[PDB]
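Trainee: Give me a 3D structure for the following:
(one chain, ligands or ions: 1)
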Amino acid sequence: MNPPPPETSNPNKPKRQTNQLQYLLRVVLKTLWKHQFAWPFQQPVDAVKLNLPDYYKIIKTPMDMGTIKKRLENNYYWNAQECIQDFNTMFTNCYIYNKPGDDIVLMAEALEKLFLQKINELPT
Ligand SMILES: COc1cc(C(=O)NCCc2cccs2)cc(OC)c1OC
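Mentor: Residues are numbered from 1 along each chain as shown. The relevant structure is shown in the block below.
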């Protein structure tokens, strides 16, 4: 069975909006979303649908771009670094669950390179 997806709101967590977080939604996330390899990453891994009964037996900090998008829309994050950490968790989860050379890993590697390209320079 699937675990609950990561929270996208939390009333006792303080919220914040910054220029860098606005950019992370408007430019970084919304650009990566349109990439031809983004589709595996647009929603939480559904282990029942995808027939990955070991996924959440291996991956204990799940993350995906649909969750990140909702978090950005809700001003869930305190700063850009917190959001960037969720992207990095999403990519590393893929590398951990799989192995080098797998099609899904080739997709994550390409997306990670584009992500790094986009966050290399952030607004002030
Ligand atoms: C989001 O992370 C993952 C997503 C998928 C996924 O959508 N699989 C559907 C068919 C595919 C297989 C190869 C390319 S896409 C598979 C993974 O591992 C098999 C992942 O990593 C855990």
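Trainee: How about residues contacting stretch 30-38?
Mentor: In this structure, residues lying in contact with stretch 30-38 by CB atoms under 8 Å, 6 or more residues apart in numbering are 42, 65, 69, 106-108, 110-111, 114-115, 118. Quick note: C-beta positions are derived from backbone N, CA and C, even for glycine.
Trainee: One more: stretch 63-76?
Mentor: Around stretch 63-76, the neighbours that count as contacts under CB under 8 Å, 6+ apart are 5-10, 13, 15-17, 21, 24-25, 29, 32-33, 38, 41-45, 77, 83, 86-87, 89-90, 93.
Trainee: Can you flag the buried ones in those residues?
Mentor: Among the contacts of stretch 63-76, those that count as buried by neighbour count (16 or more other CB atoms under 10 Å) are 5-6, 21, 24-25, 29, 32, 38, 41, 44-45, 77, 83, 86-87, 89-90, 93.
Trainee: Please flag which of these sit within helices.
Mentor: In helices, defined here by DSSP state H, the members of the buried ones among the contacts of stretch 63-76 are 21, 32, 83, 86-87, 89-90, 93.
Trainee: Please tell me how far the residue lying closest to residue 25 once chain neighbours are set aside sits from residue 90.
Mentor: Nearest in space to residue 25, with sequence neighbours left out and distances taken as CB to CB, 6 or more residues apart in numbering, is residue 72 at 4.0 Å. When distance is defined by CB to CB, to the nearest Å, residue 72 is 14 Å away from residue 90.
Trainee: same thing with residue 105?
Mentor: For residue 105, the distance to residue 90 under the criterion CB to CB works out to 13 Å.
Trainee: cool, residue 31 as well?
Mentor: Taken as CB to CB, the span from residue 31 to residue 90 is 16 Å.
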